């Protein structure tokens, strides 16, 4: 959260939180009820949001799901989707926190090092998360979609 990000910064200058910081954690706790609503809605449709988003990807990148590409046979493909559900879960986290750190520490610090070892295309993964951002955003209001949108863009942008 920002509560956590403020304390840290403040302890670095060895001082009590500045009024401005408090003004922030104040107006951030007031945004809570909503935040949780957004996470709750994505987590009730997590099942579908991943499936079609899963198809939308395999259509744009048939090399992923045919002979010679990473996700091949129900075997490999089944896990590819798994990877995608992993990230949806991390999105609801960032959202509830009002921060992106949870995503960073849980599934961003060395995504490339990991995937390169497995020989899976990262740009392909990036399109897999993009697709999701659209399936999920379709279930949200005009605003609950803009904000929830950030957390999806931050990921894809690191996938490069």
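Residue numbers count along the first chain shown, from 1.
In this crystal structure, the stretch out of 49 to 57 and 35 to 43 whose C-alpha atoms carry the higher mean B factor is 49 to 57. The question of which stretch, 98 to 106 or 130 to 138, has the higher mean Cα B factor is settled in favour of 130 to 138. Annotation for residue 78: CA B-factor lies in the highest third of the chain's modelled residues. In this PDB entry, the Cα temperature factor of residue 7 sits in the middle third of its chain's modelled residues. In this PDB entry, residue 21 carries a Cα temperature factor that places it within the lowest third of its chain's modelled residues. Among the modelled residues of its chain, residue 120 has a C-alpha B-factor that falls in the highest third according to the deposited record.
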